[PDB]
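Structure, as structure tokens:
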Amino acid sequence: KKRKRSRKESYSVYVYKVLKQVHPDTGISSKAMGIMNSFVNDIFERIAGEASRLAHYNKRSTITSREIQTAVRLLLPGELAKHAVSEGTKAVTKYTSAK
Amino acid sequence: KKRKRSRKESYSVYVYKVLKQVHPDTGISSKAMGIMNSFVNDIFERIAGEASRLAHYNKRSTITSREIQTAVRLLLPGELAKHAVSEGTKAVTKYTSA
Amino acid sequence: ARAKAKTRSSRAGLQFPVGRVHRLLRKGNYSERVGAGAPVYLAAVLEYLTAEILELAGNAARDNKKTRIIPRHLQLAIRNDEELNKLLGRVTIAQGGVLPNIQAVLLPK
Amino acid sequence: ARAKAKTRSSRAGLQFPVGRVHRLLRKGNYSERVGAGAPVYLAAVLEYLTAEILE
Amino acid sequence: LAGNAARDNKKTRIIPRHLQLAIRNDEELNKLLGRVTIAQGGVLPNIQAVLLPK
Amino acid sequence: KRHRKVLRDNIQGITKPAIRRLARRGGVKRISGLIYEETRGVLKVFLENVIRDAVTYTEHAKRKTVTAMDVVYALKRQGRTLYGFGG
Amino acid sequence: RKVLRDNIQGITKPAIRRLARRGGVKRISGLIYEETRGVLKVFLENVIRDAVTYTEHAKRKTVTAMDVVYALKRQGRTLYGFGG
Amino acid sequence: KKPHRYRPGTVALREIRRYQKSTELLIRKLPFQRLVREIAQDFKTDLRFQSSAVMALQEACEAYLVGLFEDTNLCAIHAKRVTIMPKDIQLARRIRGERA
Amino acid sequence: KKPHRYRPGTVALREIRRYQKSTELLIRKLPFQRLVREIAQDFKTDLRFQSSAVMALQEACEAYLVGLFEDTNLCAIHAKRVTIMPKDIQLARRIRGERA
DNA sequence: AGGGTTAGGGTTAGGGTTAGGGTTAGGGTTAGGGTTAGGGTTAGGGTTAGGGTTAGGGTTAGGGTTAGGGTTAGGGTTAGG
DNA sequence: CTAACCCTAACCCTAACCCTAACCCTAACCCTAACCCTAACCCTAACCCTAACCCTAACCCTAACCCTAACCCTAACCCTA
């Protein structure tokens with residue numbers, strides 16, 4: 001509510017923009033949006049935990065792009081991991097080029 | 001160049017003390033000590049992870065005795081969980097009294 | 001004195017909250033220090049996964065003569081994609097049925 | 001000289017390193033704050049399990 | 001293969017239609033007999049996705 | 001008033017039709033007769049492990065209502081992962 | 001030097017027979033050795049891929065027993081003794 | 001195809017095809033609502049189950065039962081049979097590692 | 001002309017008991033080392049494995065094979081049989097969830 | 001998100017350092033493919049009984065529409081961990 | 001979230017028919033169990049070596065750590081697709 005109530009956090013606008021970019025003139029349901037939000041949160045927590053474990057195993061105290069890439073290669077399966085790694089490297093290059 | 005090689009934290013002295021307390025006539029093989037060390041470390045990591053997950057679920061930033069008791073009741077089965085909870089309560093009572 | 005305030009999502013080119021991912025990595029008790037390229041990498045990976053899943057769901061919905069994505073279409077696309085089924089093997093989608101798979105022995109004479 | 005270092009294990013009556021457990025809970029990135037009775041509880045549980053297995 | 005196709009088609013005898021169906025279904029048999037046309041036999045009902053009604 | 005409490009007849013609350021269609025969805029063309037009791041016996045043990053975990057999760061916050069987030073957290077810890085019904 | 005067929009044949013038939021006898025099998029079919037060798041090769045490939053990924057993350061070139069234990073625990077197979 | 005009697009085994013294949021294309025719940029809500037509370041009485045009395053907890057519990061139980069039934073059906077055809085039996089569910093649950 | 005030859009079954013049962021009442025290994029070490037080296041050659045070249053690493057690998061593989069053989073024998077016993085079959089291992093891997 | 005400051009974890013680097021590799025070699029070990037035969041396996045037949053089919057009449061669940069009482073987080077706060 | 005009717009309307013549940021399918025011999029295969037002895041073989045035994053590991057030793061950079069200010073994300077509300 002808004003009786004000096006709290007504000008919860010979700011990823012709806014982002015999923016809507018992704019859906020509009022991959023397929024125009026289509027729709028989605030609230031149950032599908034909640035399922036996508038739960039899937040994103042689960043993958044996020046899994047990758048974060050794997051990166052934290054990989055950083056703690058190497059006696060290091062910084063979770064960086066290398067640890068995230070290793071966690072992605074260890075969690076994601078075959079060609080999906082390679083495509084995600086390629087897109088992440090492209091995003092890192094774009095970030096290093098312009099910020 | 002110099003010595004000061006790394007020291008490796010192990011629970012061998014405590015496991016041997018528990019063995020001498022229980023059966024003061026038996027011994028433990030090198031493998032058995034390593035197996036006990038791995039078991040203790042695994043159970044400790046599991047209970048610590050469960051307590052951290054509970055402290056992250058409930059808006060909180062510390063781990064009190066209630067979190068560890070709940071993690072024990074959730075991880076350990078029936079009689080083992082009850083006995084561990086009773087021993088922990090007795091220990092914290094002796095600590096708060098002495 | 002702040003000149004302009006360009007959003008990190010615009011400079012990254014992605015459509016995911018890099019700032020919130022960084023805040024979650026910092027407040028999630030995962031590590032003391034958090035690399036700057038790691039939230040962008042995680043956001044890119046999550047965006048690629050979301051785009052693939054949404055494309056598969058839209059294809060299933062268009063094949064089912066519908067427009068809005070339903071959990072049934074989501075479960076159908078997940079079970080059809082081999083890599084997605086291998087990744088999400090221990091995940092049960094609510095309000096969704098299995099595929100009509102009938103064995104050869106169960107078929108009538 | 002911080003007077004004397006009265007052993008926490010002799011104060012807890014247990015046979016497990018409460019100090020090492022506290023350090024592991026503090027440096028393990030589990031939480032920003034670590035309680036005082038939680039290491040003693042964990043040490044008691046681990047000691048009971050070890051005693052049962054050894055018996 | 002022909003007997004399996006005939007039993008699936010609720011028929012006791014083997015017909016050239018069942019023979020062509022089994023040959024086109026078996027990948028090795030189709031690769032071996034690629035330039036052979038069976039008389040009195042039709043193709044498989046294969047409809048493309050674009051030809052399907054929207 | 002409501003001078004009656006919930007008895008133990010709910011175990012038999014699942015009807016034969018209920019478990020006679022739950023099986024046909026999986027592909028069972030012939031459901032056995034003695035299976036009607038084994039299914040109720042299996043379902044009884046399944047609904048007790050999640051309920052205990054949900055109760056232990058609720059008792060940690062000194063509350064008295066069982067929300068869906070506790071059930072989801074218990075199912076995630078047991079081995080399942082339900083998407084949708086909850087956050 | 002080095003043959004591919006020499007490796008699958010390394011898992012000898014009497015070894016698989018002794019393993020099945022230790023598990024509790026009285027009669028072992030003939031087509032079981034090939035399937036067992038294939039499943040074992042697939043599992044070893046997966047575990048070695050995980051260990052190689054861990055070694056590359058440690059920026060190293062030696063696969064250690066600790067990395068093997070970590071890779072085995074990542075799949076749900078916790079091993080005791082060999083390591084700590 | 002007389003309306004008097006149909007070949008046994010043919011109406012079930014029609015039922016299976018129709019039930020496999022729907023996502024509605026098969027267990028009924030009021031009987032399942034009383035089972036959850038009956039079980040929660042032994043743990044602790046005075047509980048306020050949320051309207052969303054029983055739904056999630058039913059959705060999980062239905063999926064678990066469907067998976068167990070599919071595993072039992074897969075185990076049934078192995079012994080040159082087509083029907084399930086109480087002796088197959090035990091092995092299906094033991095191989096999965098639940099009763100072990 | 002009769003050396004009281006052991007009838008199919010006598011040896012099988014006592015061998016099972018002798019191999020169950022022991023803790024030694026069965027698979028050799030050098031062939032397994034050659035196998036894991038050849039498998040590791042398909043990823044990164046110029047690799048150096050450890051002795052304890054391949055020992056733990058052999059131990060885990062022997063335990064997994066023992067469990068798979070136990071499940072296969074249980075499936076065969078349920079199929080009213082005493083010998084194992086490739087279809088039994090296939091059904092075991094399908095139920096255990098290793099096929100995907 | 002920007003704007004400005006700091007301290008602690010990476011990070012390289014080189015000199016030690018260490019464990020893995022590679023080496024022959026040889027000899028008990030072990031595999032392992034022979035042959036042989038005995039027990040197990042499976043369709044085939046056979047039959048009967050155990051659920052498919054039917055089906056409708058009592059049973060009972062699904063919203064529906066409320067109050068009313070449990071019950072909990074929102075704010076503030078402070079002292080102890 | 002619980003407590004209390006309502007009113008139809010799907011749910012359930014006994015209750016005979018009707019297959020049909022699953023278990024018991026049964027014979028005919030058939031396949032793996034069981035020596036076996038001889039030719040790989042590998043696991044040993046020391047020993048080099050060597051290349052990846054490893055232990056100091058600064059130091060420097062990058063993430064934290066606060067503001068503050070844009071700024072986006074999130075609650076509400078109707079309505080139409």
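Labeling convention for the structure tokens: chains A, B, ... as they appear, residues from 1 per chain, ligands from 1 in order of appearance.
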### Message
Give me, as JSON, numbers by chain, all polymer residues having an atom no more than 7 Å from region 70-87 of chain I, counting only C-alpha atoms (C1' of nucleotides) and skipping those fewer than 5 positions away in the same chain.
### Response
{"G": [23, 24, 25, 26, 27, 28, 29, 31, 32], "H": [79, 95], "I": [92]}
### Task
Identify every residue of chain E that has at least one atom within 10 Å of any atom of chain C, counting only C-alpha atoms, and report the result as number ranges by chain.
E: 7-10, 49, 52-54
Write a file of the just-selected residues containing N, CA and C atoms, as a PDB file, in the first residue's frame.
```
ATOM      1  N   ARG E   7       1.232 -53.448 -39.355  1.00  0.00           N
ATOM      2  CA  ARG E   7       0.573 -53.616 -38.067  1.00  0.00           C
ATOM      3  C   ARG E   7       0.168 -52.278 -37.466  1.00  0.00           C
ATOM      4  N   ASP E   8       0.935 -51.218 -37.740  1.00  0.00           N
ATOM      5  CA  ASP E   8       0.544 -49.893 -37.274  1.00  0.00           C
ATOM      6  C   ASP E   8      -0.624 -49.339 -38.078  1.00  0.00           C
ATOM      7  N   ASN E   9      -0.779 -49.776 -39.328  1.00  0.00           N
ATOM      8  CA  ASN E   9      -1.868 -49.326 -40.183  1.00  0.00           C
ATOM      9  C   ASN E   9      -3.095 -50.230 -40.106  1.00  0.00           C
ATOM     10  N   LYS E  10      -3.173 -51.090 -39.087  1.00  0.00           N
ATOM     11  CA  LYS E  10      -4.328 -51.962 -38.862  1.00  0.00           C
ATOM     12  C   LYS E  10      -4.626 -52.831 -40.083  1.00  0.00           C
ATOM     13  N   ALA E  49       5.732 -25.319 -41.760  1.00  0.00           N
ATOM     14  CA  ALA E  49       5.171 -24.417 -40.757  1.00  0.00           C
ATOM     15  C   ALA E  49       4.579 -23.166 -41.391  1.00  0.00           C
ATOM     16  N   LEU E  52       1.031 -23.696 -42.687  1.00  0.00           N
ATOM     17  CA  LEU E  52      -0.003 -23.885 -41.686  1.00  0.00           C
ATOM     18  C   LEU E  52      -0.832 -22.610 -41.530  1.00  0.00           C
ATOM     19  N   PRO E  53      -2.122 -22.741 -41.224  1.00  0.00           N
ATOM     20  CA  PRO E  53      -2.963 -21.549 -41.072  1.00  0.00           C
ATOM     21  C   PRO E  53      -2.630 -20.795 -39.793  1.00  0.00           C
ATOM     22  N   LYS E  54      -2.679 -19.470 -39.880  1.00  0.00           N
ATOM     23  CA  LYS E  54      -2.381 -18.617 -38.735  1.00  0.00           C
ATOM     24  C   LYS E  54      -3.590 -18.482 -37.817  1.00  0.00           C
TER      25      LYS E  54
END
```
### Message
Taking only chain C into account, list the residues labelled helix (DSSP H, G or I) by DSSP (computed from the backbone), as a PyMOL selection string.
### Response
chain C and resi 8-12+18-27+37-63+71-80+82-87
### For residue 66 (chain K): contacts at 12 Å, only C-alpha atoms (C1' of nucleotides), fewer than 3 positions along chain excluded, given as an MDAnalysis selection string
chainID J and resid 3:6
Determine which residues of chain H sit within 9 Å of chain J, taking into account only C-alpha atoms (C1' of nucleotides), and present them as a PDB file with C-alpha atoms, in the first residue's frame.
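Output (result_34.pdb):
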```pdb
ATOM      1  CA  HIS H   4     -24.418 -49.092 -24.915  1.00  0.00           C
ATOM      2  CA  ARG H   5     -20.830 -50.421 -24.494  1.00  0.00           C
ATOM      3  CA  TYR H   6     -17.390 -49.200 -25.690  1.00  0.00           C
ATOM      4  CA  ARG H   7     -14.275 -51.414 -26.141  1.00  0.00           C
ATOM      5  CA  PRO H   8     -12.436 -51.361 -22.707  1.00  0.00           C
ATOM      6  CA  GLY H   9      -9.143 -49.528 -23.104  1.00  0.00           C
ATOM      7  CA  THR H  10     -10.361 -47.127 -25.809  1.00  0.00           C
ATOM      8  CA  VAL H  11     -12.223 -44.591 -23.657  1.00  0.00           C
ATOM      9  CA  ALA H  12      -9.154 -44.235 -21.426  1.00  0.00           C
ATOM     10  CA  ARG H  28     -10.463 -30.535  -4.984  1.00  0.00           C
ATOM     11  CA  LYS H  29      -9.823 -27.501  -2.787  1.00  0.00           C
ATOM     12  CA  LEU H  30     -12.108 -27.972   0.212  1.00  0.00           C
ATOM     13  CA  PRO H  31     -11.019 -31.585   0.934  1.00  0.00           C
ATOM     14  CA  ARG H  48      -3.467 -19.000  10.194  1.00  0.00           C
TER      15      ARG H  48
END
```
Could you pull the residues within 10 Å of residue 20 (chain E), counting only C-alpha atoms (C1' of nucleotides), minus those fewer than 2 positions along the same chain, as a tab-separated table (two decimals) with C-alpha atoms, in the first residue's frame?
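Everything below was put into result_12.tsv:
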```tsv
chain	number	residue	atom	x	y	z
E	2	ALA	CA	7.09	-53.37	-43.62
E	5	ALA	CA	4.16	-50.42	-40.69
E	15	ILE	CA	1.37	-53.03	-49.46
E	16	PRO	CA	3.77	-50.87	-51.50
E	17	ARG	CA	2.48	-47.89	-49.51
E	18	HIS	CA	3.75	-49.48	-46.29
E	22	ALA	CA	9.18	-47.83	-44.05
E	23	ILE	CA	11.87	-46.99	-46.61
E	24	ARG	CA	11.37	-43.24	-46.18
E	25	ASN	CA	11.30	-43.64	-42.38
E	26	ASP	CA	14.53	-45.65	-42.18
E	30	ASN	CA	16.54	-43.96	-47.64
E	37	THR	CA	10.83	-44.69	-56.83
E	38	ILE	CA	8.31	-47.25	-55.56
E	39	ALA	CA	5.30	-47.60	-57.83
E	40	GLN	CA	1.77	-47.24	-56.41
E	41	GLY	CA	3.06	-45.33	-53.40
E	42	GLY	CA	2.66	-41.83	-52.00
E	43	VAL	CA	4.93	-39.54	-50.00
E	44	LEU	CA	4.65	-38.69	-46.31
```
### Task
Pick out the chain B residues within 12 Å of chain G. Count only C-alpha atoms. Give them as a list in words.
residues 8, 9, 10, 11, 12, 29, 30, 31, 32, 33, 34, 35, 36, 37, 38, 39, 40, 41, 42 and 43 of chain B
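From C1' of residue 31 (chain J) back to CA of residue 12 (chain G), the distance works out to 7.3 Å.
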### Query
For chain K against chain H, which residues fall within 9 Å using only C-alpha atoms (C1' of nucleotides), given as an MDAnalysis selection string?
chainID K and resid 1:2 17:22
### Task
Check chain A with DSSP on the backbone and list each residue it calls strand (DSSP E or B), as a PyMOL selection string.
chain A and resi 27-28+62-63
